[PDB]
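In what follows, a single structure is set out as structure tokens and then discussed.
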Amino acid sequence: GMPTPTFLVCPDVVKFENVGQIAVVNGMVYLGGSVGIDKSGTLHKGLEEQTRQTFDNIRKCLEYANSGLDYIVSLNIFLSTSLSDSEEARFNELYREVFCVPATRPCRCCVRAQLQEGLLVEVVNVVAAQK
Amino acid sequence: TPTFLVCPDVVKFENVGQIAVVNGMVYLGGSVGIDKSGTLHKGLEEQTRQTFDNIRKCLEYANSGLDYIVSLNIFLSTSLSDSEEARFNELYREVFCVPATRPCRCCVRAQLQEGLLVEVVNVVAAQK
Amino acid sequence: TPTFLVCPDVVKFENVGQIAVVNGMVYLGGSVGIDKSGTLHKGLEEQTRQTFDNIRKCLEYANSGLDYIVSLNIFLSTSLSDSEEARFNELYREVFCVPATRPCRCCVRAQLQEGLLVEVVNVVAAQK
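Chains as they are written, first to last, in the authors' numbering: chain A, 11 to 141; chain C, 14 to 141; chain B, 14 to 141.
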């Protein structure tokens, strides 16, 4: 028999009806899309606060799933098509505060897309190893 | 070297590997609302149902299934209205009807190839 | 923690892990038509060829190769015409010239960073 994937919900991170928050399979963790919404369901104001909240959500989910930010292998970034050059640059400044070791930064891509209402940034396809 | 499969009952695109099996995991190429004969169905409803039928058949051909999907990505056409996006999600919940085991997902708008209203990509699933 | 590698013959971007190896699988950061010196090539063909050359070099550096790719995603610039997208796919079939082993693929238009006509992301490959 083969092992089942397991689906988890970190109680300190917002959970969306249509979206698996965390999946674990064969020592690997996958996350559903993460956005700058706190546990109370409040979307934070501006690129910076949405970015900080997004990576806080990711950190909490990964640690809940026996992983962590330093175990992320790959992730994708969707920035809103509405963002200015300064907002995109600020995102990357904040990104480097989350992943502070240049040598071990995870695989990344980043493109502009039309996100759901109010969203300035979304981080998707987070793949991480378990501890 | 990775094993590539083609389910005979699902459309196969020239440039696109349909199914890959690697170390008990199944990966799929992009899926759209085109049936076995190569006919693109009209409208979001029919395209959505056909897309997930394609995914289901591909996964079952590799002894996986919808219930063993860990993650997927959705691209909806930029042309879709809010009500169309809402309708997509209603249909999505009819495919994944067990709330607790819904796969990781993300959903954004994109400029898709001609005629396409929805595309589901990066489907990753475990073998049963 | 997972092993991150840098192939010294391929450009590395400040914010971007170039190569990650985990449990006999290789993941790549986004690849674009920029050479080792950091020069973005002019035109779709040269950017396309450079992008897949970068991918080839990274995979071979990580005990893998183009023939071990399981899945990848393509983002083409929204500025590209239909004829240019067709040209990209011709070039794609030159690189992946064995039809049966072409990796899982999806391809959509997106607004890429300055100057970029094509970007290949989410490359996942098995190790030898």
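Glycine residues also receive a C-beta, built at the ideal position from the N, C-alpha and C atoms.
Check: Out of C:135, C:110, C:19, state which residue places its alpha-carbon closest to the alpha-carbon of residue 76 (chain C).; Outcome: C:19
Check: Give a yes or no on whether the minimum CB-CB distance between residue 30 (chain A) and chain C is below 8 Å.; Outcome: yes
Check: Taking 8 Å as the CB-CB cut-off, is residue 8 (chain A) touching chain B?; Outcome: Here chain A has residues from 11 to 141 only, and residue 8 (chain A) is not among them.
Check: So, is residue 67 (chain B) buried or exposed, given that buried needs 16 or more other C-beta atoms within 10 angstroms?; Outcome: buried
Check: Helix, strand or coil: how does DSSP classify residue 140 (chain C) here?; Outcome: coil
Check: Do residue 29 (chain C) and residue 42 (chain C) count as a contact pair if the criterion is CB distance below 8 Å?; Outcome: yes
Check: So if DSSP puts residue 34 (chain C) in a beta bridge, which residue, or which two residues, is it bridged to?; Outcome: C:16, C:39
Check: In chain A, which residues lie less than 9 Å from residue 83 (chain C) when you measure between Cβ atoms?; Outcome: 15, 17, 30, 33, 34, 35, 38, 40
Check: Could you say if the stretch 70–88 of chain C and the stretch 133–140 of chain C meet the contact criterion of at least three C-beta pairs nearer than 8 Å?; Outcome: yes
Check: Taking the alpha carbon of residue 92 (chain C) as the reference point, which residue from C:109, C:107, C:99, C:124 has its own alpha carbon closest?; Outcome: C:124
Check: Less than 8 Å between the beta carbons of residue 88 (chain A) and residue 134 (chain A), yes or no?; Outcome: yes
Check: Can you tell me whether residue 22 (chain A) sits near the ligand GTP, meaning its C-beta is under 7 Å from at least one heavy atom of the ligand?; Outcome: What this structure holds is no ligand at all, so the ligand GTP is not there to describe.
Check: Distance cutoff 8 Å, beta carbons only. Does residue 110 (chain A) sit that close to anything in chain B?; Outcome: no
Check: Does the CB of residue 65 (chain A) have a neighbour CB from chain C at under 8 Å?; Outcome: no
Check: Quick check: the Cα distance between residue 169 (chain C) and residue 26 (chain B), rounded to an integer number of angstroms?; Outcome: For chain C, the structure presents residues 14 to 141; residue 169 (chain C) sits outside this window and is missing.
Check: Would DSSP call residue 115 (chain C) helix, strand or coil?; Outcome: coil
Check: Would you kindly check if the distance between the Cβ of residue 128 (chain C) and the Cβ of residue 57 (chain C) is under 8 Å?; Outcome: no
Check: Looking at the structure shown, is residue 93 (chain A) part of a helix, part of a strand, or coil, going by DSSP?; Outcome: coil
Check: Closest by CA to residue 104 (chain B), which one among B:21, B:131, B:72, B:49?; Outcome: B:131
Check: Are the beta-carbon atoms of residue 70 (chain C) and residue 23 (chain C) separated by less than 8 Å?; Outcome: yes
Check: Does residue 46 (chain C) get closer than 8 Å to chain B when you measure Cβ to Cβ?; Outcome: no
Check: For residue 141 (chain C), decide whether its Cβ has a neighbour in chain A, counting only Cβ atoms nearer than 8 Å.; Outcome: yes
Check: Could you check the C-alpha separation between residue 108 (chain B) and residue 48 (chain A) for me, to the nearest Å?; Outcome: 45 Å
Check: Roughly how many angstroms lie between the CA atoms of residue 111 (chain B) and residue 96 (chain A), to the nearest whole one?; Outcome: 44 Å
Check: According to the neighbour-count rule (16 or more other Cβ atoms, all chains shown, within 10 Å of its Cβ), is residue 94 (chain C) buried or exposed?; Outcome: exposed
Check: Could you tell me the boundaries of the alpha helix (DSSP H) in which residue 72 (chain A) lies?; Outcome: 56–74
Check: Below 8 Å CB to CB, which residues in the same chain sit around residue 100 (chain B) once its five sequence neighbours on both sides are set aside?; Outcome: 57, 58
Check: Return the bridge partner residues of residue 84 (chain A) from the DSSP annotation.; Outcome: A:117, A:137
Check: Go ahead and pull the three-state DSSP assignment for residue 107 (chain A).; Outcome: helix
Check: Tell me residue 27 (chain B)'s beta-bridge partners as DSSP assigns them.; Outcome: Answer is none; residue 27 (chain B) lacks a bridge partner.
Check: Only counting the same chain, and skipping five residues up and downstream in sequence, which positions put a Cβ closer than 7 Å to that of residue 5 (chain A)?; Outcome: The question about residue 5 (chain A) has no answer here: the residues shown for chain A are numbered 11 through 141.
Check: Could you tell me which of C:126, C:31, C:113, C:21 sits nearest to residue 90 (chain C), measuring between CA atoms?; Outcome: C:126
Check: For residue 116 (chain C), does the count of other Cβ atoms within 10 angstroms reach 16, so buried, or fall short, so exposed?; Outcome: buried
Check: In whole angstroms, give me the CA-to-CA distance for residue 16 (chain B) and residue 50 (chain C).; Outcome: 45 Å
Check: Do you know offhand how far residue 106 (chain A)'s Cα is from residue 98 (chain A)'s?; Outcome: 13 Å
Check: So which residues on chain A does residue 106 (chain C) lean against when the C-beta distance must stay under 9 Å?; Outcome: 27, 28
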